[PDB]
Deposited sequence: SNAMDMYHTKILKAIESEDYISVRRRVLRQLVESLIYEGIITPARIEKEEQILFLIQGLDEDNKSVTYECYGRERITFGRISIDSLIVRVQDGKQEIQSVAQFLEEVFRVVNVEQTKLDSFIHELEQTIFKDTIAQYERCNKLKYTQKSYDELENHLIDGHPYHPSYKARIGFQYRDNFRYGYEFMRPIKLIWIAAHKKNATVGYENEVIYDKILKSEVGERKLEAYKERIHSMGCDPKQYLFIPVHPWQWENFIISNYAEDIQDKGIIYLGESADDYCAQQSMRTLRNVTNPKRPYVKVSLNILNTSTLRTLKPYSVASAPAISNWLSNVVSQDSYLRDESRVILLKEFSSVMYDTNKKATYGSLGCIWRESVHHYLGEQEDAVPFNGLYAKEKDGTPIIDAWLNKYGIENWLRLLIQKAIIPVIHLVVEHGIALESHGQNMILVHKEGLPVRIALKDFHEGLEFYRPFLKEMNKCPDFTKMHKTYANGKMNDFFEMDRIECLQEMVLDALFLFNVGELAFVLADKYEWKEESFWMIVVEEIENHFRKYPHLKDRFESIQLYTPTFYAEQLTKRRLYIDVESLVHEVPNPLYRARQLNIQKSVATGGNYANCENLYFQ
């Protein structure tokens, strides 16, 4: 029982445990109410709404949870502004997420086994975020790690299922511990580089492994009676290696389908993603994104085999699109961090699916000019331990309206441009975006993580015949159907990625911060947004009909219910209708002319 043991106990006994508990509860309740999963009584007061949530205790008798909140013009999102108080005889602030959920779900029905996992994820989030917060007291690399807060919406934004406290201290991105990758050799019976990636992959091994070290690895392979020409080389997260590959691949290790080689020469360090590591020794070198079998936000951190296969072809396709577009290339100067090489070992087995794979991505340091710095886009709405907006200084310096205008211009507009001019919808969540700035002045946007979340509407492409052919890349694409991967047959996929991903779940978080902290009204926020959208597309008259057909000004739209998906089995279409703030903003924008 060492110092890390002591740390963990102190973290829990501290005020940071209370604070983290209150936050998970807050976020949980906002989400249940917003999505209409529960339906409290609502008593209106001047600004606030008092919600009364019904439940039943273990004894099948009545209980109320009280809290005060707001229903916001920004997509009708709910903010809970107070403690969540359990009323039976006497009032007390809720101590147990588990108790809260089960009392509340005796009244409203859910699938029990889903409830159980969800409760476990919320508890683990509290646990893991408690010690992150207890452990905290810039520039891009530091900021990635030091914004430890994680997701503003998802009740369990920290679960890390499969990490107990020591692994968490070792691997959690908040702690910034250097680590080494494990190099293995993987037999070509089951291993493949990314589609049409062979030349690039062979070149990247030269710089990544090192030339001499690679020769020495091949000699060792020969010294076992194996033929190095029959193998590819894959880096593996050391946690993944020790806790997953060794036990689940034993059969491949015994027959030399997999050969342990050794440790990377360079040290690496986790990013917000944690399956994504930067080279600490040489920061110009590519990041590596590797398989991790760990459950964070209800999904395993595995890399899908079809997705790994296609990552390089996708980055090459996108890079061409952007390079032939004068606005994106010359004016907004958008940055795409290319996932330019990939490799994987994929056997039939269901249990190991997506468990060993790697994608290399360009460092954002390749792109940063001198004088330029970068911040993760979800950092723009982040706060200091004492609750001060991390962008406070900048806003004081540049003014709120001017800073926000520039932000919309350098960051939001290019994303929407891509949707309307190209029918290409990049996953627009804050975690995919990085703002490049100069002393806090917004300059250009960088985008990443294409291989997982990209969507597109084929008829809008400039060249349909240049659209990468997915069916030739993987048997899974080949046997798949329309809408399963990347391609939508519905034009509404475009409207939805913009309203839902870009605005409701990401940029909208900024509007909350500016309203509550600087008294900059949400109506004025969406005003600026409409104005900049309009200033852009007025320069592109041929886009007029198409802009309209996308309907960004629709008075309401159907938004994903992300939390409901966690409580229910069928989950076919879980959407709820919400108001669209752009609608009213545009009506006022029109009157104002």
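Missing from the model, relative to the deposited sequence, are the stretches 1-3, 141-147, 604-619.
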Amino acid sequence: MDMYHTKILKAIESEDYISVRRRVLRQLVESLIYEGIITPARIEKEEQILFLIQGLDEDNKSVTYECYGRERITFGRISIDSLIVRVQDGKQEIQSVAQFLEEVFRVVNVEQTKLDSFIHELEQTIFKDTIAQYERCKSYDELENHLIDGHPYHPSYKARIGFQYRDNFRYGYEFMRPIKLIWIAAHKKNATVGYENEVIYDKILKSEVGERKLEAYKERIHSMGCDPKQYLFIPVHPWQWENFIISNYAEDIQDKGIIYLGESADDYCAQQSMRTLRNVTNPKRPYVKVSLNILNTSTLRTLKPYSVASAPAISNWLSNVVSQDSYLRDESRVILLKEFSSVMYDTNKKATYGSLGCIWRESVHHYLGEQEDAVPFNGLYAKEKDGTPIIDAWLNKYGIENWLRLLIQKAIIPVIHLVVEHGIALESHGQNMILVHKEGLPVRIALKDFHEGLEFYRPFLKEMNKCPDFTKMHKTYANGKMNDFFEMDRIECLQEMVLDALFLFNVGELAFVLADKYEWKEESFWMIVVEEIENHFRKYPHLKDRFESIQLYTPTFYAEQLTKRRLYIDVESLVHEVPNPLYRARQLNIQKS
From here on, numbers count along this sequence of modelled residues.
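According to the PDB record, 297-305 carries the higher mean C-alpha B-factor of the two stretches 297-305 and 202-210.
The mean Cα B-factor in the deposited entry runs higher for 478-486 than for the other of 478-486 and 434-442. Sorting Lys158, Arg170, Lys350, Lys188 by the CA temperature factor given in the entry leaves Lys350 at the top.
Considering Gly262, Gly387, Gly423, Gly357 together, the PDB entry gives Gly387 the largest C-alpha B factor.
When all modelled residues of the chain are sorted by CA temperature factor, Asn60 is found within the highest third. In this PDB entry, the Cα temperature factor of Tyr568 sits in the top third of its chain's modelled residues, the highest group. Per-chain ranking of the deposited C-alpha B factor places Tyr287 in the lowest third. When the CA B factors of the chain's modelled residues are split into thirds, the value for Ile43 lands in the middle one. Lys410: CA B factor in the lowest third of modelled residues in this chain (values from the PDB entry).
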